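Asks: how does the following fold in three dimensions:
(chains A, B, C, D, E, F, G and H)
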Amino acid sequence: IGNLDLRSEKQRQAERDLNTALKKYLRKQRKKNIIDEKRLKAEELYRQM
Amino acid sequence: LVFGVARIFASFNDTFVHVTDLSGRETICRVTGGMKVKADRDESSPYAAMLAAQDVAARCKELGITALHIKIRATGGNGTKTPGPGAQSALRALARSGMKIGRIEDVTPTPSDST
Amino acid sequence: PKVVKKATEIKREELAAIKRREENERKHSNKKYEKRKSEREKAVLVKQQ
Amino acid sequence: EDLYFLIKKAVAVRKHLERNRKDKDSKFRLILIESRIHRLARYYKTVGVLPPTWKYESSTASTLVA
Amino acid sequence: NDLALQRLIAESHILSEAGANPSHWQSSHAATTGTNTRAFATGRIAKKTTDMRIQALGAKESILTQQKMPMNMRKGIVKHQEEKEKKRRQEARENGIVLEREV
Amino acid sequence: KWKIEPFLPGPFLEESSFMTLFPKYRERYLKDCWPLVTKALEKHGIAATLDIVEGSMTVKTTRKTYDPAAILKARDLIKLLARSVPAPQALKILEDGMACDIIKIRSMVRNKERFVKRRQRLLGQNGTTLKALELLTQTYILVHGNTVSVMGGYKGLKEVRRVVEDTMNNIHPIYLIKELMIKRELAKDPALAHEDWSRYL
Amino acid sequence: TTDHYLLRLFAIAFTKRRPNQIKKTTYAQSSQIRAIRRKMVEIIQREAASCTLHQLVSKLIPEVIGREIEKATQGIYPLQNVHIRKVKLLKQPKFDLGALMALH
RNA sequence: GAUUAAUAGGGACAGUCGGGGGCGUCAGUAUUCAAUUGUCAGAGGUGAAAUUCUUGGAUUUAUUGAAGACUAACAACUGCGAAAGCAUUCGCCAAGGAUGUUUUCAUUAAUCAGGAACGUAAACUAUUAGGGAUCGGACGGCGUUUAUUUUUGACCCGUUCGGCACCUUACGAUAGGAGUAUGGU
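Replies: Numbers count the residues shown, from 1 in each chain, chains lettered A, B, ... in the order given. The coordinates are given below.
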């Protein structure tokens, strides 16, 4: 009782200061099928790879 | 695969299954909805559209075209701009009895300003 | 009391609006390449003898 | 002169109105501009800068474009 | 002058939230919800409509409402209902849907 | 004679596809109501994608789609989802007996304040006349800005068409609801199955 | 065209919503719309008056005209997509089998 | 011999702004009518029907032509006009608004007796104190895109006038019916 909420402390500090996984990323995000411009950037990255 | 163009005029009172060539000029075979149902109440019904589509597909497979491009329309001037039950039921029966479907388009007359 | 509570809610809204205007002018003006002046330092306009 | 520009605007409005004859917004703006002309003209009469028998109905418009 | 027209207009909310419109999505959900597929749902709707009829005849207070709550339950209930109606008003101001005007 | 059977069982040569365009305030709601839509359209056999970058819903017929009217169902579904019908109702168009319709009512009143008054008259006090029309006609009516979007069976589509035109032409919807209630009472008993019912309205 | 075929070209052009913007309405002003339409009719006249009908169809197929309208109107207001929505041939005064078979 | 130049006026100029107005012109479909073909038994309405049109071929399919109307979608918690009202393009004609100016006469003004111009419906109802949006100027700018690089425009941001509307706060305010009887006519 009195220890840190680490997620809340990281969010507080954020609001104060303000090739093997990127294939299963597309495997998980081809199933939605929302196009979602971060996936467009990921498709261009996969085409470059 | 000889593509014939099927005009399906689906209104609320009667459905028109009509088959033309690619030109639009020469009617191959048409069966209206009301000539398959004794009742003018049930002239525009999915059963009427199913019977009409079966007769039209039978005639056009006797002529040997076995492929259609389907243009669906309705009463569009001051009408409803939506097809009746004849469109869905006729397309279902038409492709359920042979007839590899090609291109589907809903060519309803949409006025730019009517009244 | 209700007048003090309503007016401190209005004061919070106005101070947040002024901070947002200043932050947007900082992010889109030439003041971006400066150190943020602290508020205790901003408390004094000039000092003279 | 203010009165000179106002009567110039009046002749322009009346000439367009004579060419077109169908619209009413130009007629309403003509009524506004003739009321403005008569008010400024009355103030300049009671000062006295212009003749007190000088009048503008349409003939002064005609004789000042002519 | 007409009675059953006035009854059909007022009780339309209760009927269309109970079961009576299978093309409406809220009524097609409330037709399988469980408190309308139970044994005596039609009688419970009849009790609600009879309470609204006596309210239209002149009763100021209801029989179906609960009168004593521990002030945190009632504040949470009223605040949630007001926030729901406000969110529906905002999501109908956007999308251009017009809604029934009531204060 | 009127009932329609579900399709039991490649009927498409050219891979058909349709698109509709939506704005951003609909992009949020569509982004968090989309998996219901693509689940039911996968049960019908049609691939449905959403594009938040351009703002476009696309449907396209896959290899294993067998119902050929499913593409018309999906085209109407994405039209209503673009025109901001809620998602379970837009998915309720995918049943066999449903159909949608859009009624353009802005052309019917020359004035503006008279149009606002007549549209709010169509909507009624606390929505009671609108849900009374929805009950008596078995439809879903959405008074959508300058248009009115209705769904349901084709009979209900015709009756709400008549009621919406007569509401815009200064006949009251309470009068039309009384008319529909009389028609329901007369069609209840088939002893009066074919007479001219104009002697009662 | 240079083969004396009169035809009407109907072009449509939707306004570009600029990325990294916050305002919801991308409205061009009315004078800006008139300038866009003036540049549109200038482009389609200058790039359809010089060629024959076969080259005009060969330019219509990959949509070179809409691409050049998109490229040259972006100094007035950027346009999301320019298409030519209709081509209508009104009168063909010649029946010549020479050019009509040089097609086929 | 002639004040402040008003945080009231009227005018001038410049870039503009507007689905404000008039005249012409250009289109777009749709409807009706007619013609040419392919037709080949109903079509049309309705909750059902009926009147009607239908082997001289209706409804339908395709292509033209004419006429009259209107300007879908864009289309708004917007724009313009004093009001009714005003949405196709282009041209002409005047007018108007706001802004800016290193623009002028200096009370010209405010309000309305009299008068003058424009013209099937109803039916549920000195500041507030700022903020978030919005559009019309004018100014400023870290920057993305025009841009082969300067213009210039689009986007973002800030300042400033002006205006339709939202919410909060008020600064406050303030403006006989229904039953039951009894006796007459």
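Asks: residues near residue F:77, how many?
Replies: Residues lying near residue F:77 (other C-beta atoms under 10 Å in any protein chain shown) number 29. To be clear about C-beta, it is placed using only N, CA and C from the backbone, and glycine gets the same treatment.
Asks: run through who's touching whichever helix in chain E runs longest.
Replies: Longest helix of chain E, by residue count under DSSP state H: helix E:72-93. Applying C-beta atoms under 8 Å, 6 or more residues apart in numbering or on different chains, the external contacts of helix E:72-93 come out as E:69, E:98-99, F:29.
Asks: redo that, cut-off 10 Å
Replies: Applying C-beta atoms under 10 Å, 6 or more residues apart in numbering or on different chains, the contact partners of helix E:72-93 are E:66, E:68-69, E:97-99, E:102, F:25, F:28-29, F:84, F:86.
Asks: from the middle of its chain, how far away would that helix be?
Replies: A distance of 15 Å separates the centroid of the chain from that of helix E:72-93, by C-alpha atoms, centre = their mean, to the nearest Å.
Asks: using PDB, list the CA coordinates for it.
Replies: Provided in PDB are the C-alpha atoms of helix E:72-93 (Å, rounded to 0.1, in the frame of the first residue of the first chain):
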ATOM      1  CA  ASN E  72     -25.300   6.800  -4.900                       C
ATOM      2  CA  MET E  73     -27.300   4.300  -6.900                       C
ATOM      3  CA  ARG E  74     -29.700   7.000  -7.900                       C
ATOM      4  CA  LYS E  75     -27.000   9.500  -8.800                       C
ATOM      5  CA  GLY E  76     -25.200   6.900 -10.800                       C
ATOM      6  CA  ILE E  77     -28.400   5.900 -12.600                       C
ATOM      7  CA  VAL E  78     -29.500   9.400 -13.400                       C
ATOM      8  CA  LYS E  79     -25.900  10.500 -14.500                       C
ATOM      9  CA  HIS E  80     -25.600   7.400 -16.700                       C
ATOM     10  CA  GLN E  81     -29.000   8.000 -18.300                       C
ATOM     11  CA  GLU E  82     -28.200  11.700 -18.900                       C
ATOM     12  CA  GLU E  83     -24.700  10.900 -20.300                       C
ATOM     13  CA  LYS E  84     -26.300   8.300 -22.600                       C
ATOM     14  CA  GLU E  85     -28.900  10.700 -24.000                       C
ATOM     15  CA  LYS E  86     -26.200  13.400 -24.400                       C
ATOM     16  CA  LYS E  87     -23.900  11.000 -26.300                       C
ATOM     17  CA  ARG E  88     -26.800  10.000 -28.600                       C
ATOM     18  CA  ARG E  89     -27.600  13.700 -29.100                       C
ATOM     19  CA  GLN E  90     -23.900  14.400 -30.100                       C
ATOM     20  CA  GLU E  91     -23.600  11.400 -32.400                       C
ATOM     21  CA  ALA E  92     -26.900  12.500 -34.000                       C
ATOM     22  CA  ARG E  93     -25.700  16.100 -34.300                       C
END
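Asks: sorry, back to before: weed out the non-buried ones from the contacts of helix E:72-93.
Replies: For the contacts of helix E:72-93, a neighbour count by 16 or more other C-beta atoms under 10 Å in any protein chain shown gives the buried set as E:97-99, F:29, F:84, F:86.
Asks: can you pull out the helices in chain C?
Replies: Using DSSP H, helices in chain C cover C:2-27, C:39-42.
Asks: quick one: closest of those to residue F:143.
Replies: Ranking those by proximity to residue F:143 (C-beta to C-beta) places helix C:2-27 first, at 35.3 Å.
Asks: quickly check: the closest one near chain G or not.
Replies: No: figure legend: helix C:2-27 not in contact with chain G (C-beta under 10 Å from any C-beta of the partner chain); closest approach 11.1 Å.
Asks: so how far is that helix off the chain centroid?
Replies: Counting by C-alpha atoms, centre = their mean, helix C:2-27 is centred 8 Å from the centre of its parent chain.
Asks: now do the SS call for the residue of chain D positioned farthest from its centre.
Replies: Among the C-alpha atoms of chain D, the one farthest from their average position, using C-alpha atoms, centre = their mean, is that of residue D:22, at 20.5 Å. With DSSP: H, G, I helix; E, B strand; the rest coil as the basis, the three-state label of residue D:22 is coil.
Asks: got the phi and psi for the closest residue in space to residue F:60 that isn't next to it in sequence?
Replies: Among residues not flanking residue F:60 along the chain, residue F:17 sits closest, at 3.8 Å (C-beta to C-beta, 6 or more residues apart in numbering or on different chains). With angles defined as degrees, to the nearest 10, residue F:17 sits at phi -160, psi 140.
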